[PDB]
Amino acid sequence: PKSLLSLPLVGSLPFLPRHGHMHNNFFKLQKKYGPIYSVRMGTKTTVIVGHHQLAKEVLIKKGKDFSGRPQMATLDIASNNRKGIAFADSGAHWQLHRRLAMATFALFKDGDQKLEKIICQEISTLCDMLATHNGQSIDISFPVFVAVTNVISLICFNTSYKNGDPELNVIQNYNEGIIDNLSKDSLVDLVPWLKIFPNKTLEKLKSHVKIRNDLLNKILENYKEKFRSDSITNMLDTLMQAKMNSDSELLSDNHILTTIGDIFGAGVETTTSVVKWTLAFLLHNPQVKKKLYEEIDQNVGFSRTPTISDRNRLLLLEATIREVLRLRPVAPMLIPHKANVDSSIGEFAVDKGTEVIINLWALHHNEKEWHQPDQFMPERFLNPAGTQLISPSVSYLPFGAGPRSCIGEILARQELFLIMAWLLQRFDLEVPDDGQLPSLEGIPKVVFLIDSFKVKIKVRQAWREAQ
């Protein structure tokens, strides 16, 4: 029986570009194809991994095999040709700067530079500014941005900004610009639209990165006179020292600049996003918010301000931060990895140079590893009696794992806990007067961001009477 012919197929993708969130689109495909599959774009083959078993083989068991980074035209501009840490390929450059960066956080282990003290100082500044807005609905994005930017500038240069220093608006402006132009889908851009049609994405990215580089360069030069081999106390000292003791090819001035830029961008954008997400979920869940005010008042009161040691007491607050980092991870697909050598994932072959994506969203929403994964439930991280924190699932990796794992996790966890505890001790946070709630859908950029929203700020009466 004759039959019409099937049309020649020159290309095929399993979902529509720019429709839906990529991480969720990859996760939905796991019903059809399993937890690991590949897609080819020209000559580049990419592998997506969506189960914690296989993710741990990529990140840990074989971490060094898959520690590379793929080269992207956008990340080249941002990383000054793959310098820095996050977007540098595995190699001597990345191995050294990563280690020196991790070593700087020991300069702030304890003493007067104890991170908790640096953080609580800026948090005090932030809470004071916020209190002037008593009774008003405001967007707290910038006040937080300034606080974390000062904590990071103290770690990097032992310098901090003064209220109103226009530099803070200049950085805000080129951070905004680069994040808006770098990627529209969690750094996983299947189709290379940038190279098919005429656009100015790369030209915009250069403009913003020029202002960033020139600003950092001005600081790094004015610091060449301040430096003393006897006084290493910040990240810039650590780097400048190794350059003197040298290799010196690796610690060039552009290499140092770009490595500082990564720490700054990483430390400000991630932390500020997660605070905003946490506020948003509490506006949608006043029942959790009420319980957090009760916990913070019974365990800390108002005689003092929260300290890191309160982490052992404010368990629901720690469970909320954990639940927010599960639901809305800062990087729902981490940063793309790359196979440094021929290797394998779950017995499947993977050739050298293959881009490997870990779908963190899939891991955090596996219906077999989590009860009601779509729901904001801080209790999932506490025992039934709410007296002890737990780890309900092994499919939980907000900070990654292995050689490319996060180096600022300690800082981030202290900033988050303290910001939230200080804010909750002093302020009622309510829906703005016109009743709008933030959309919890999110915008998947290099960072998984939430749409800007306003919050009604009111100084709590319990905290007022206590004065």
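The first residue of the shown sequence is 1; numbering continues from there. The term rigid core refers to the maximal set of C-alpha atoms that superpose within 1.5 Å between the two forms.
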| field | Which of 183-191 and 112-120 strays further in 6 other deposited structures of this protein - Cα RMS after rigid core alignment | value | 183-191
| Outlying stretch relative to shown form, 103-111 versus 215-223 in 6 other deposited structures of this protein, C-alpha RMS (core) | 103-111
| task | Quick one: classify how much of the deposited chain lacks coordinates between residue 246 and residue 247, choosing none, 1 to 3, 4 to 9, or 10 or more. | result | 4 to 9
| note | Comparing mean C-alpha B factor in the record for 247-255 and 153-161, the higher one is 247-255
| note | Per the PDB entry, mean CA B-factor is higher for 359-367 or 216-224, namely for 216-224
| said: Take the CA temperature factors straight from the PDB entry and tell me which of 170, 349, 314, 397 peaks. | reply: 314
| query | Whose C-alpha has the highest temperature factor in the PDB entry: 277, 87, 302, 376? | reply | 302
| said: Based on the deposited C-alpha B factors for this chain, I'd like to know if residue 184 is in the lowest, middle or highest third. | reply: highest
| task | For residue 119, return the chain-relative third of its C-alpha B-factor as stated in the PDB record: lowest, middle or highest. | result | middle
| field | Ranked C-alpha temperature factor of residue 21 among modelled chain residues, by third | value | lowest
| residue 142 CA temperature factor, ranked by third within the chain | middle
| query | Among the modelled residues of its chain, does the C-alpha B-factor of residue 404 lie in the lowest, middle or highest third? | reply | lowest
